[PDB]
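Protein chains in written order, with PDB author numbering: chain H, 3 to 654; chain Z, 1045 to 1094; chain L, 6 to 73; chain F, 5 to 82; chain V, 755 to 933, 1136 to 1371; chain D, 1244 to 1342; chain B, 797 to 890, 912 to 945. Beta carbons are placed, not taken as given, at the ideal position from N, Cα and C, and that holds for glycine.
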Amino acid sequence: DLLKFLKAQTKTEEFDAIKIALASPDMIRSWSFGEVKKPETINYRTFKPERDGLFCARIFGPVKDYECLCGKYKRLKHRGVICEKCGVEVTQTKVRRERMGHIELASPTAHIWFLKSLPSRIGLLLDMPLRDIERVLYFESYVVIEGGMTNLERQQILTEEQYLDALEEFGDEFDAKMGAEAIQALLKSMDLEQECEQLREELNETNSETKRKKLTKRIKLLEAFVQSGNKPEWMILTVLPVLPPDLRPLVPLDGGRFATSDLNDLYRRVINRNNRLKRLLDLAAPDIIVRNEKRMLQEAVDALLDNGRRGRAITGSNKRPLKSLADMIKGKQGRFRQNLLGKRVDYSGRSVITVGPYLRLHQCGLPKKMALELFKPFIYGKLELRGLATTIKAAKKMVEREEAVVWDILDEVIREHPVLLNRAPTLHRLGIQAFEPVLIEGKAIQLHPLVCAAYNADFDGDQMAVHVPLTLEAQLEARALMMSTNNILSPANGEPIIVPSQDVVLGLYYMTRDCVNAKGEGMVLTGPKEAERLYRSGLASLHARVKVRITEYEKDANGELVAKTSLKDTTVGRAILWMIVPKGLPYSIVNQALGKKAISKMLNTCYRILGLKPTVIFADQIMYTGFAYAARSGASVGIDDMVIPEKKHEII
Amino acid sequence: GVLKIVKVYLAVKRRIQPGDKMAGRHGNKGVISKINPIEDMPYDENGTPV
Amino acid sequence: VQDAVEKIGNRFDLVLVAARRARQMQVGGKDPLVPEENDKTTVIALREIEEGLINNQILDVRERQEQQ
Amino acid sequence: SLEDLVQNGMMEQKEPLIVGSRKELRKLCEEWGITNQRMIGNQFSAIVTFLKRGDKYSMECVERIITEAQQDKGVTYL
Amino acid sequence: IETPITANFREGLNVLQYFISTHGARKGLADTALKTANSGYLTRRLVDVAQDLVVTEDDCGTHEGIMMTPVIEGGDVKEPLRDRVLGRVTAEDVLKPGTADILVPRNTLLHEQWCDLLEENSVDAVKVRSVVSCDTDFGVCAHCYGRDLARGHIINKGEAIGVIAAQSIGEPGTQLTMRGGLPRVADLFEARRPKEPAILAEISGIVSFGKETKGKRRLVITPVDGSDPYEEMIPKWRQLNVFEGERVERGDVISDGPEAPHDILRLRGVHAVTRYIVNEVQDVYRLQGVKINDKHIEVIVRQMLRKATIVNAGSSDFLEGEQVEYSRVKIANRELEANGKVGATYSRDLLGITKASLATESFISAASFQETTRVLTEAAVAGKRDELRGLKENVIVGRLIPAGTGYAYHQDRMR
Amino acid sequence: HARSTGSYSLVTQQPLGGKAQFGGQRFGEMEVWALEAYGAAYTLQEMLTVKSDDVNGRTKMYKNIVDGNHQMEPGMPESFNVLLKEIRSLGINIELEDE
Amino acid sequence: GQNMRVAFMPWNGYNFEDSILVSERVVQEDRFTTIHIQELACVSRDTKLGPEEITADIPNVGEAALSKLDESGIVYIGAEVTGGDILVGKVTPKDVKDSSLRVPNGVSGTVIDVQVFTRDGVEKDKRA
């Protein structure tokens, strides 16, 4: 028995669920690595932790990274070794930040939460009034734990004069006391089996709606308490676990003193009170003095737990309320919220976005200096892999040398090593995307053309955040989850996310523009090469309507691009566009004056038929073509172009 | 609590660079794209480079 | 990578399997399952999955064989 | 610093201990006869710790915990 | 300002005209400055609501589903059902129009080819399996969840369609205004009751007017089925469209006014309530021009309707009127039926999305959401084991969120 | 502004912002929300523990990506361990409940 | 303003979205060049174990690092400085913990001026 529990003790993995409950005294004792015997964490004269102190490294773990407290041993050759001269180990000094301690309370103290939190957990379990339960716990009212032969009842609030009179009257017939150990025993006495059975019997007997509902709710609460299985006796803390010496550090402040969270001072005071109480128990103090010391230790524990919530917060020399451990887990100060509120990160930078019209959809314009700022450790690793780096400091110097060898190695490392990039604001998930980063000599963030709207900003100077996906899983995620091309459609609307506009649309319309009596109207071009020559040589105007053999490679019932070659009267510019037109779209899908609406419609057809990758290729080609045709379109806007209406005056 | 104060003004020349923010009178603002080569600027009929 | 998606079925599963394969390729030191072409071990695994040269069951089988 | 720590640290200290449970926990509960599951909870790790200790105090504490666990209460991990 | 600026911008501005236009210009600038704010709060609310949401199931098989029909306004078609049907999976074998032959089968994913066929079918309404009706207890089963348009294929286990829809609302909300607007969006989200609730029959029966009370006339809703004839206090200030003696149903409108969330949920039902909410959101978006799949509305509602009032607890340890996780309710019902114990009849109620964000089944989720110290002490006393089923919880833990890659990691850990 | 590795808040152990503080931008909560909207699991994880606050984790990561180790031993970063030590010192034993 | 002869037309996507098309001649001409003069002040703070000793004697430092600084540790008027370079030799007690007010990282250039305002009651160096 209990040796196969080690098998039941699974291997190191991810807990599917989190078990949160009340540690039993043994649970805390195991959770600790010693029992304290000194209220001072550190010795002020030895500049070292006090023996049996809150910082007591021998209790709390290695004070030196690989060096003994006794100094009889040191170095990494002896990490984690127990010295008789020392009684400590030599694992990393975080061991003193690791091993914990215990403080075995002589009398258990209820969780300040267990009562103070309304509804009082203990109170709801005891089903008793708040003041009576407190005066019990606060040693301010005797509670007849059991009357036995005497007329007293069970867990019934009484008076000290009443308690004394009853004691005189009954000898040893009854069980009554003032304190919290009584409530602890009552929980230990509460037969939740018998109590729940009686509650169910009463609820069945209770025919009144209110009485039945109350008995049923009590039975349900008792059933929940049983199902949790948390020992109701564990509701009172009979031992004080200690934070690690560094977890509760008495940090040596400027001037030889020790700076600590006020919880540490509360712990020191509670330790002093507990030591006094232990001496009293050893010395067999008067019961009045014993009760006073017990109340004092209990109050010290309560203050160390949650100052101000119960009683008055111990105001230090600065008179501020004491920092209890609850405060450390209270609010955004509790690491949940304030950490989740904000976190500036590394492997990332901010620089103004530049419109890198040259780059492909995957390509990214990475400030080469900023690039250097980035893969600097990656660069050092490459150079060591290049063997040239023998010392990391030397690697830093060669980086400082900014070597062409360093520059070449950077060019190598950059190869298909895309890392995260982001453009504020975080409106749509498309607002942040990575790209294949190619170093650009300087300090500008060159960006792809159509990525504008998705980046949720404009070229008005957005400093952009670019995180480094160093991890291979993160790199595979940059390739698959952050694949910008894999963000083709509207996440919210499904629609294409990069539909054409403006300059590309301008060139598109220009090529789509047709002229009457143009430069060589009514000719025959065999195909895109022929018209490309004619206009590129200037033999014809781009806006010339001409018939050209259009090889309409059109997907069959099996999807095969069944060509339908035919000389079709179309535009020279339209003819040129048909070259950009992929095999699988209608000639009429381009054989007309086309614009940003038409461009978007064609793009949609491409996403449909051409799927993803062919559509993306067609898109990149279309972008380059639109920029080129717009530049060649050689048109501007003139102030004279603003032809005011002729009869505007007559209308007025 | 202070014995001396040595104020040293750090004068650094600021040259232009692609990516700088520039603007014009009639609402025309923008960001310095890049210093295109001389051949890149279109040529006027009088051979004037823009 | 729609074909790669079909070969893997789910994007996350694709990513996880590819991570394992590339880790074997470089970190594990496994030879490139296909021509290197001076690409990333990640890129190597990507090509292998695109051609199906790597399967999760295949990975398990190779690991089990190696265990002996 | 960061490179200095990586190039300097002789003792990495590795990582902390952990716990795992359930399934075979029910098997041991059958072996131990305890009908409750809370003991399978907070007490599993403490039992592991005491067993690692194995001291007379540790063994006694483990035995007392076991006696308390088998004492009463019915709960089964799910 | 009846003076027309007959001049043109290039033509030059009259000083009077220039000043006149200056007012509207400043108005627009200030309006933009103001609107730059609220969408962020709206999106933050939506996201904090969807913190734990995740999709993990694929097959629902629940024959119930969106019997969606094309939107028509004033006898003229407004939204085509084909456009509203893509990316979905059928609720039943869609028959051919006017024919017994199934135009589409049951749980048939909405193919664009199938969409074209439906256009050829030119049908009106189609029963399409819905995530709101997704039999997937946790998450949305693709058989009801439909299809993932972002990848065009089906979603994957761990695809946070909730967060996706949340971003879908927020970024469209970023362009969307508050006026109506994000205000009405939050109100419907917060599920505020109507200001002037349209008077409606409490239950079906022979509708009659009761002894008109002070200022609020009584409508003695004589239950034709024989239930209690409900007498009300209907203000005389509300015109009665209906005449007494008529027969009505549960939710039948008598006097005009606006509808209330819990009211529609109770009388009309839950699916119709989602239908009305989505229709209202869509009308506002159409006025504003924002185009997004109603799947976002469905995700929001399904996150919203987690709780439901148990009409009759049956043999369950729960009680009558115990509104808890309708998912937990169904789980307990299945458990009770498994042993033969009597299930708990439940009544779904319409609650605020913000209220759902404030209170969560996960302990840490609620604590961080609100009452951090209070919930902290409450859970610490309770000692409830935390299973980390949500996403923001896994964020808090340091364990990977089981969304997509995390879901695969969890499955492998199981493997 | 650029930062691969720089200074972190000695109190917060989280990185700073800008090249002036040798820190990258803030992942905040809106960027975190966007990241979830995409779903970069391990990436968000590293950004949350390694890239955010893994101190001795940073030392090891330097030694490891020194070996080009583009992976990690993930899960319950270590802040989980710290909270565990805190709760145990509060006398609240917890179990890493393996299923 | 700088009256530039320009044209309103797109140039192969290099000009759209208000991209700035610039003649590199102007850059070579530096027709829009500028300068930044950021004052960097060093204070010899009177500290507890002795004032912040702004002085040319700096332990654990190189003479080349002291090149720009004058014999008083004063970066010579116009002295070419570097990012991180030790522009103003300063010290604190350790014996002495070098408190050298180094020119900022990423701040390299000519040391334009050094306004040494010694405290009322504190003497002035030969540079001052």
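### Query
Does any C-beta atom of chain F lie closer than 9 Å to the C-beta of residue 1306 of chain D?
Chain F contact via Cβ: present.
### Task
Give, in chain order, every residue of the segment 1327–1341 of chain D whose Cβ lies closer than 8 Å to some Cβ of chain F.
For the segment 1327–1341 of chain D, which is checked against every Cβ of chain F, the residues closer than 8 Å are 1336, 1337, 1338, 1339, 1340, 1341.
### Amino acids of chain H, ordered along the chain, whose beta-carbon sits closer than 9 Å to that of residue 1065 of chain Z
Those within 9 Å of residue 1065 of chain Z in chain H are 354, 462, 463.
### Query
Which residue from V:1138, V:1177, V:1324 puts its Cα closest to that of residue 335 of chain H?
The candidate whose alpha carbon is nearest that of residue 335 of chain H is V:1324.
### Query
Between the beta-carbon of residue 862 of chain B and the beta-carbon of residue 873 of chain B, is there less than 9 Å?
Going by C-beta atoms, residue 862 of chain B is not nearer than 9 Å to residue 873 of chain B.
### Query
In chain D, what lies closer than 8 Å to residue 914 of chain V by C-beta?
Those within 8 Å of residue 914 of chain V in chain D are 1279, 1280, 1282.
### residue 812 of chain B at chain H interface by Cβ criterion, 9 Å
By the rule that beta-carbons nearer than 9 Å mark a contact, residue 812 of chain B touches chain H.
### Task
Work out the CA separation of residue 176 of chain H and residue 169 of chain H for me, nearest whole Å.
Here the alpha carbon of residue 169 of chain H sits roughly 8 Å from the alpha carbon of residue 176 of chain H.
### Message
I want to verify the contact list: residues of chain B whose CB lies under 9 Å from the CB of residue 629 of chain H, in sequence order.
### Response
Within 9 Å Cβ-Cβ: 806, 807, 808, 809, 810, 812.
### Task
Mind reading off the beta-carbon distance from residue 840 of chain B to residue 944 of chain B? Whole number of angstroms is fine, and I expect it under 8 Å.
The pair is not a contact, with the Cβ atoms about 13 Å apart (cut-off 8 Å).
### Query
Skipping 5 residues on each side, what residues in its chain have a beta carbon closer than 7 Å to that of residue 205 of chain H?
In chain order, 214, 217, 218, 221 place their CB closer than 7 Å to the CB of residue 205 of chain H, counting only its own chain and leaving out the 5 sequence neighbours on each side.
### Query
Assuming residue 1155 of chain V contacts residue 1179 of chain V under a Cβ cut-off of 8 Å, what Cβ separation, rounded to an integer in Å, is found between them?
The pair is not a contact, with the Cβ atoms about 17 Å apart (cut-off 8 Å).
### Message
Is the beta carbon of residue 400 of chain H closer than 9 Å to that of residue 387 of chain H?
### Response
Result no, Cβ atoms of residue 387 of chain H and residue 400 of chain H do not sit closer than 9 Å.
### Query
Is residue 1359 of chain V close to chain D, meaning its C-beta is less than 9 Å from at least one C-beta of that chain?
Output row for residue 1359 of chain V: interface = yes.
### Query
In its own chain, which residues sit with a C-beta less than 8 Å from the C-beta of residue 34 of chain F, not counting the 5 before and 5 after it?
If the five residues before and after residue 34 of chain F are omitted, its C-beta is found closer than 8 Å to no C-beta atom of its own chain.
### Query
Can you name the residues of chain L whose CB is closer than 8 Å to the CB of residue 1314 of chain D?
In chain order: 24, 28, 32.
### Task
Count the CB pairs spanning the segment 1236–1252 of chain V and the segment 484–502 of chain H that are closer than 8 Å, and state whether there are at least three.
Contact holds between the segment 1236–1252 of chain V and the segment 484–502 of chain H, because three or more Cβ pairs, one in each stretch, are under 8 Å apart.
### Query
Is it a yes or a no for the segment 1075–1090 of chain Z touching the segment 815–825 of chain B, going by three-plus beta-carbon pairs under 8 Å?
Touching, per the Cβ criterion.
#### Entry: Which listed residue (V:916, V:868, V:839, V:820) has its alpha carbon closest to that of residue 1281 of chain D
Restricting attention to V:916, V:868, V:839, V:820, the CA atom closest to the CA of residue 1281 of chain D is found in V:916.
#### Entry: Within chain A, partners of residue 1253 of chain D - CB distance below 7 Å
The structure shown contains no chain A; its protein chains are H, Z, L, F, V, D and B.
#### Entry: Supposed close pair residue 28 of chain H, residue 40 of chain H - CB separation, criterion 8 Å
In this structure residue 28 of chain H does not touch residue 40 of chain H by the C-beta definition: roughly 24 Å separates them, more than the 8 Å allowed.
### Task
Taking residue 246 of chain H and residue 1328 of chain D to be in contact with their CB atoms under 8 Å, please state how far apart those CB atoms are, rounded to whole angstroms.
Between residue 1328 of chain D and residue 246 of chain H the Cβ distance is about 6 Å, and since that is below 8 Å, they are a contact.
### Message
For the beta strand (DSSP E) containing residue 1070 of chain Z, name the first residue and the last one.
### Response
No beta strand (DSSP E) holds residue 1070 of chain Z; DSSP gives it neither H nor E.
### Task
Give me the Cα-Cα distance between residue 374 of chain H and residue 813 of chain V, rounded to the nearest whole angstrom.
Each residue's Cα considered, the two are about 50 Å apart.
### Query
Name the chain H residues whose beta carbon is nearer than 8 Å to that of residue 840 of chain B?
For residue 840 of chain B, no chain H residue has a Cβ inside 8 Å of its Cβ, as the nearest lies near 21 Å away.
### Query
Can you find a CB in chain Z that lies within less than 9 Å of the CB of residue 445 of chain H?
Residue-level contact check: residue 445 of chain H touches chain Z, since one or more beta carbons of chain Z fall below 9 Å from its beta carbon.
### Query
Are the Cβ atoms of residue 555 of chain H and residue 570 of chain H separated by less than 9 Å?
No, these two residues do not count as a Cβ contact at 9 Å.
### Query
Any beta-carbon of chain B closer than 9 Å to the one on residue 1138 of chain Z?
In the structure as shown, chain Z starts at 1045 and stops at 1094, and residue 1138 of chain Z therefore has no counterpart that could be examined.
### Query
Residues in its own chain within less than 6 Å of residue 1250 of chain D by CB, not counting five upstream and five downstream?
Cβ-Cβ distances below 6 Å link residue 1250 of chain D to 1259, 1265 in the same chain, with the five nearest sequence neighbours on each side left out; the list follows chain order.
### Message
Please tell me whether residue 454 of chain H has its Cβ less than 9 Å away from any Cβ of chain B.
### Response
For residue 454 of chain H, the answer is yes, since a Cβ of chain B falls inside 9 Å of its Cβ.
### Status (buried if at least 16 other CB within 10 Å, exposed otherwise) for residue 1081 of chain Z
With fewer than 16 other Cβ atoms within 10 Å, it is exposed.
### Query
Thinking C-beta only, is residue 260 of chain H closer than 9 Å to residue 457 of chain H?
Cβ atoms of residue 457 of chain H and residue 260 of chain H: not closer than 9 Å.
### Query
Hey, would you say the C-beta of residue 613 of chain H is under 8 Å away from at least one heavy atom of the ligand ZN?
You won't find the ligand ZN in this model; it holds no ligand whatsoever.
#### Entry: beta strand (DSSP E) segment containing residue 616 of chain H, residue limits
No beta strand (DSSP E) contains residue 616 of chain H, which is instead part of the alpha helix (DSSP H) from 615–635.
### Query
How would you write the range of the alpha helix (DSSP H) that residue 180 of chain H sits in, first residue to last?
For residue 180 of chain H, no alpha helix (DSSP H) segment is defined; the enclosing uninterrupted segment is the beta strand (DSSP E) at 177–180.
#### Entry: N- and C-terminal bounds of the beta strand (DSSP E) containing residue 838 of chain B
From DSSP, the beta strand (DSSP E) with residue 838 of chain B extends over 830–841.
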